[PDB]
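Chains as they are written, first to last, in the working numbering: chain A, -16 to 80; chain B, 1110 to 1207; chain C, 62 to 155; chain D, 757 to 848; chain E, 87 to 164; chain F, 55 to 138; chain G, 193 to 297; chain H, -8 to 95. Backbone N, C-alpha and C define an ideal beta-carbon position, used for all residues, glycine too.
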Amino acid sequence: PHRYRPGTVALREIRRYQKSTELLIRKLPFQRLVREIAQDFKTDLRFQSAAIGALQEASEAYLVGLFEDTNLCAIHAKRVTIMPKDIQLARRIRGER
Amino acid sequence: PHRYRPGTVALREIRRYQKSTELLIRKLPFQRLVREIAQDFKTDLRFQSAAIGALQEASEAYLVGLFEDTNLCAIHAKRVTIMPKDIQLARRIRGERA
Amino acid sequence: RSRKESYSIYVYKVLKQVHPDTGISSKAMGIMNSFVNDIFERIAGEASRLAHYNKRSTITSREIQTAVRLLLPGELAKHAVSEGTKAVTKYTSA
Amino acid sequence: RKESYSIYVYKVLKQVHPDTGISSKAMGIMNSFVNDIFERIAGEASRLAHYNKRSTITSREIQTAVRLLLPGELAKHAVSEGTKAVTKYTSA
Amino acid sequence: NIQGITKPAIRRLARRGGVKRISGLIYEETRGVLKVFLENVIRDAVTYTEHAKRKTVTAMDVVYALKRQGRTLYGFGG
Amino acid sequence: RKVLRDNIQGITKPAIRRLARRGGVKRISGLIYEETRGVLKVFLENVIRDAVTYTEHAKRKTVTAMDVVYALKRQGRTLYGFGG
Amino acid sequence: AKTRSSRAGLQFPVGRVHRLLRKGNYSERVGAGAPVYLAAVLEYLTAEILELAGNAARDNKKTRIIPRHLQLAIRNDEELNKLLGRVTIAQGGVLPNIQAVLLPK
Amino acid sequence: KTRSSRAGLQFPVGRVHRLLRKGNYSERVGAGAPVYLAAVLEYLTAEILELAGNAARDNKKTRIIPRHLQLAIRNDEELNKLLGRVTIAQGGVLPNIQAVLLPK
DNA sequence: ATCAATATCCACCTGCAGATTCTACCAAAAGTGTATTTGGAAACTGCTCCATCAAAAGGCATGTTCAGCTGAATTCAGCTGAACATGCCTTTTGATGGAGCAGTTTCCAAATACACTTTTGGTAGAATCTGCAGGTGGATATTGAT
DNA sequence: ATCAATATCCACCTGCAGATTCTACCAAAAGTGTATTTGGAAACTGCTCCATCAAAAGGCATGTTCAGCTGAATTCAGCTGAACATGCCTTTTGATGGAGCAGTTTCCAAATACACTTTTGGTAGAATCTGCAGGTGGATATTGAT
């Protein structure tokens, strides 16, 4: 009965994902979210596939970046586990808040 | 002899300086620091009094804002004393030096 | 020799309208001129670009309006767009 | 209609890496790159000239714009290439 | 729909971000932040759209929106 | 004239202390003063650099407040109050 | 010989704002409603901040608006703050604000 | 006899000119400005292509992709500073794991 | 550190399909040859502002003492979040069509840019005014020791 | 729960350094009468774009276990704040000389405007190819276990 110690697989996923470049958010769910937020600004809009693809690239690169700063904030707190207060601290120093 | 406990005067100073707007770095020394830096860039440079004035206002506004962020970094580390480490986290997240 | 324009004459008027009893120090007026110039540029700028993106050689009140909506936040936007439209339709009413 | 810098990028590619090719997506990035730097340089030169109450953007403006925009070493080389191309253009 | 952005997907993002251990409250914190992001961008994009008097948000509308937010993106027309 | 050296030390511990205060800081470690000087020095270098560049471009020998103001705008630190 | 400002019902100089648009290299040509609309927004905005500044002056018992008064009005108004979130007002100081953790336990 | 060949560049001087004129930047435009500008655009382009070329080679690839441009940029101090506020689609991030998070 | 048994990575090869690269052609640029405009460089020079100096003065910066209480170690255990084997379903994806609509065209009436000629609205100082910066002093907390 | 010890207000005062006005031109709006466009307003396509369908496949939602990480509770060496004694050097005032901004003219080398003449780059098919995605087979990295 083989089992990996907590953390081992996690590092393995970091090494994997920092190596690839494919979008990590499932496409359909995403487009659904994009069109919904948008519905609140102008009704019955249509989206170039390229536009949905630009929005996804942008947000995924944004979130990934934000996680980097969050990780740094957690580490700064002698922790290894990111938390909302870490995301909150980064977004504050970033001026987004 | 009467004695305020450590931290009381510190808080007294924050209330005082957050209430005021005067420059906090001495004029002459700062004018001297600018001319030194300016010089190591291009010689025979002259300065409008207002230029040095604009430089100081900007510098102090920048340092004051950096210390706020620094302060937040210390707190978040469950400290109350700011450290170079905090200033560095601040500037890194600020994208001033990833 | 060397006449240099400013917005002071207008800032001051508007001041008297809002607070008839209040004055303004020159340094504060200095701040006000910077504000007006800064916002004017940001609007003009975004407008300049909006026009470009649409192969249009002219900046109309329509550009300025969408520029104000991109530049200004929520309530400030609603109110500025109202004032703006109101002025234009009044100006064009001859 | 719908011009781009592809041809030029690709030509420059063959000078530094004759062997090398380049995907469409990668070409789109070089395009974006060129447009961006073009607008920043352009933009700064515009302001420079305005600050000095000038109505014309000359290589003088473009240069200072490069100096204000590109970082240290990259700025040096850019200034080199720049003056070199202008120098060769005026001659012949 | 925002819940459509799943935990494992957020897991993946954090991973590419170098994150090893994730708190259980990060997921909902992430969606809120992702939503504020799209709202600001999309809102700007749709403004460029309506200005161009179109019913279709184009990649260029998104690229110009991202540039205004200081999130310049290369690869989609600029 | 007179040689200019070590002027960064003119940014005294008490002045840095006062700035932390306005910034709301209560306790300051001993190493903060040398870090601040380092950070301020980099701040000034970049602003003066761009500023002096604007000066040279206008073929002047005198850095004007407008120069500093344009330099600050470039650097994303817009300053109101000297716009002139 | 009316003034375009009066035609628009404004204090801000419409003609001047129309001149500054043409000389700014913003577009080949400039519409007649653009300078009007823009002078209107400019006037509205300086009105909004002078209102709040004036009140700050009143609270500090002064009759003349100074920079600290402008800072108070900007930093305290969520929207003006966002609008000028990257602007620094000379001689304006900061807002009285002390993190709780720092107060006498 | 085109201006680009005259200035000896691969980049389209004539177009860089038409663009400067039409971009609403100034009333008038020098004749060397478009030349100068065109030279700068080409140089930076070569720089990235060069580094991205290597990044490709160092990966056993002949054809440059977005990943390779991202590796070229982020791994270069200056190019990275110049584009530190830019995001290359499909480029990913540089592998990097905080020491503290490593095993044992 | 080894022993052993998982599972992971990691080359080397290999075969196809989606892209790339390579070709063969047309309008919209880009290059020319002329004919003028003119921006702003060169050559004074009027004259603000900047660099220095001198000097007296007290606001502060320096250094030193001391010890309060904060940051850095440690121990420890509850319980949060990782690793997994499971079972199921929403995302893929791939035509298929129909169609809502960016994109063009063809006008032109409304709106702009022009080139002058008058008419003021503003800006640069004098001429007048006046908040409020400092100065003082009791009235009020605010602290910190018993 | 008291108090001394000090710090913090708040109101009252009063001449002046810093606004408010009061005057005068004149740079720059505004009013007119033409010479260009500009960019909508209908009419029409070729598209990209939703919408279904319709399977199938991963990829995710779930419930178990428990490893090990986050936080709480204690300690305590010594860093950093509070106070003080000293006396330096930044501030403040004023004055000078003259460097070097800025206002004016004077006017060519260079830029804008056509009117054409050629050439190149953007398109829409044609002729290969770089790798992706699998397949072993083989050392590796892990983690339980003498």
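query = Looking at the structure shown, is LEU825/D part of a helix, part of a strand, or coil, going by DSSP?
reply = Residue state for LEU825/D is assigned as helix, using DSSP reduced to three classes.
ask   = Looking at the structure shown, is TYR1126/B part of a helix, part of a strand, or coil, going by DSSP?
value = If DSSP states are grouped into helix, strand and coil, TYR1126/B belongs with the helices.
request  = Kindly list, in the order they appear in chain D, the residues whose Cβ is closer than 8 Å to that of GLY104/E.
outcome  = Within chain D, no residue comes near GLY104/E; the closest Cβ sits about 24 Å away, beyond 8 Å.
request  = Return the Cβ separation of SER815/D and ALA24/H in integer angstroms, given the expectation that the two are a contact with Cβ distance under 8 Å.
outcome  = About 5 Å separates the CB atoms of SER815/D and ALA24/H; that is less than 8 Å, so the two are in contact.
query = Is the Cβ of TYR134/F closer than 9 Å to any Cβ of chain G?
reply = So yes, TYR134/F belongs to the interface.
request  = Kindly indicate which residue of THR66/F, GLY77/F, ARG72/F has the alpha-carbon position closest to the one of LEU1175/B.
outcome  = Here the closest residue by C-alpha is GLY77/F.
task = Could you name the residues of chain G that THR1130/B contacts, counting a contact when the two beta carbons are closer than 8 Å?
result = What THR1130/B touches in chain G: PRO259, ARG260, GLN263, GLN283, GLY284, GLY285.
message = Relative to the C-alpha of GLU79/A, which candidate in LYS61/A, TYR45/A, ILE20/A, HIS59/A has its C-alpha closest?
response = Comparing Cα-Cα distances from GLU79/A to each of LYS61/A, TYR45/A, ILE20/A, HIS59/A, the minimum goes to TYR45/A.
request  = Could you pull out every unbroken alpha helix (DSSP H) segment of at least 4 residues lying fully inside the segment 764 to 841 of chain D, listed in chain order?
outcome  = Every alpha helix (DSSP H) of 4 residues or more that sits fully in the segment 764 to 841 of chain D is shown, in chain order, as 780 to 807, 815 to 825.
inquiry  = Distance cutoff 9 Å, beta carbons only. Does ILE1161/B sit that close to anything in chain A?
reply    = Against chain A, the CB of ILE1161/B has no partner CB under 9 Å away; the residue lies outside that interface.
task = Pull up the DSSP beta-bridge partners for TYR134/F, would you.
result = Its beta-bridge partners are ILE281/G.
As assigned by DSSP and simplified to three states, the class of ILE258/G = DSSP, read as helix, strand or coil, puts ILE258/G in coil.
query = Where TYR807/D and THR4/A are concerned, what is the direct C-alpha to C-alpha distance, given to the nearest angstrom?
reply = Their backbone Cα atoms lie some 44 Å apart in a straight line.
query = Applying a beta-carbon distance threshold of less than 8 Å, which residues of chain D neighbour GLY156/E?
reply = Around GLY156/E, no beta-carbon contact reaches into chain D at under 8 Å, the shortest distance being about 13 Å.
ask   = Using 8 Å as the threshold, is the segment 109 to 117 of chain F in touch with the segment 70 to 83 of chain C, meaning 3 or more CB pairs across them?
value = They do not touch, by the three-pair rule.
ask   = Straight-line CA distance for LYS274/G to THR(-9)/A?
value = Rounded to whole angstroms, the gap between the alpha carbons of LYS274/G and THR(-9)/A is 44 Å.
message = Does chain B have any CB closer than 9 Å to the CB of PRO227/G?
response = When Cβ-Cβ separations below 9 Å define contact, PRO227/G makes no contact with chain B.
ask   = Can you check whether the CB of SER1158/B is closer than 9 Å to the CB of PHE1139/B?
value = No, these two residues do not count as a Cβ contact at 9 Å.
key: Candidates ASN100/F, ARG131/F, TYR124/F, of which the one nearest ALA805/D by Cα   = It is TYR124/F whose Cα lies nearest to the Cα of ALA805/D.
request  = For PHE96/C, return the contacting residues in chain F, with the cut-off set at a CB-CB distance below 8 Å.
outcome  = Those within 8 Å of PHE96/C in chain F are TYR134.
Stretch-stretch touch, CB-based, cutoff 8 Å, three pairs: the segment 51 to 59 of chain A with the segment 18 to 35 of chain A = Segments in contact, no.
task = For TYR1126/B, count neighbouring Cβ atoms within 10 angstroms of its own Cβ and tell me buried if that reaches 16, exposed if not.
result = That one is buried.
query = Between which two residues does the alpha helix (DSSP H) carrying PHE50/A extend?
reply = In the DSSP assignment, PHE50/A falls within the alpha helix (DSSP H) that extends over 32 to 59.
message = Quick test of the definition: if touching needs 3 or more C-beta pairs under 8 Å, does the segment 64 to 77 of chain A touch the segment 123 to 139 of chain E?
response = Result no; under three Cβ-Cβ pairs closer than 8 Å.
message = Strictly below 9 Å CB to CB, what residues from chain B border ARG77/A?
response = The contacting residues are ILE1202, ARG1203, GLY1204.
query = Using the beta-carbon count (16 or more within 10 Å), is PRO205/G buried or exposed?
reply = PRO205/G comes out buried.
inquiry  = On the criterion of 16 or more Cβ atoms from any shown chain inside 10 Å, does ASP49/H qualify as buried, or is it exposed?
reply    = With fewer than 16 other Cβ atoms within 10 Å, it is exposed.
query = Which residue's Cα is closest to the Cα of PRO1193/B: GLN63/F, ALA74/F, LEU133/F, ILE62/F?
reply = Relative to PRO1193/B, the option among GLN63/F, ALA74/F, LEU133/F, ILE62/F whose CA is nearest is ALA74/F.
request  = Could you round the C-beta distance between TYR160/E and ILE79/H to whole angstroms and report it? I think they count as a contact, below 8 Å.
outcome  = Yes, they are in contact, since the Cβ atoms of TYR160/E and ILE79/H sit about 5 Å apart, within 8 Å.
query = Which residue comes first and which comes last in the alpha helix (DSSP H) that contains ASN15/H?
reply = If you look at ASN15/H, you'll find it isn't in any alpha helix (DSSP H); DSSP assigns it neither H nor E.
request  = Run down chain G in chain order and give the residues with a C-beta less than 9 Å from the C-beta of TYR16/H.
outcome  = At a C-beta separation below 9 Å, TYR16/H has these neighbours in chain G: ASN217.
ask   = Which stretch, first to last residue, makes up the alpha helix (DSSP H) that contains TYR113/E?
value = Per DSSP, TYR113/E is one residue of the alpha helix (DSSP H) stretching across 112 to 137.
query = With DSSP run on the structure shown, which of helix, strand or coil describes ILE65/F?
reply = Looking at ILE65/F - three-state DSSP - the assignment turns out to be coil, as it is neither helix nor strand.
key: C-beta atoms of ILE1123/B and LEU294/G nearer than 9 Å   = Yes. Within cutoff.
task = Note down, in chain order, every chain E residue with its Cβ under 8 Å from the Cβ of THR119/C.
result = Those within 8 Å of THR119/C in chain E number zero; the least Cβ separation is about 14 Å.
inquiry  = Using a Cβ-Cβ distance cut-off of 9 Å, determine whether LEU55/A contacts chain H.
reply    = Yes, contact with chain H.
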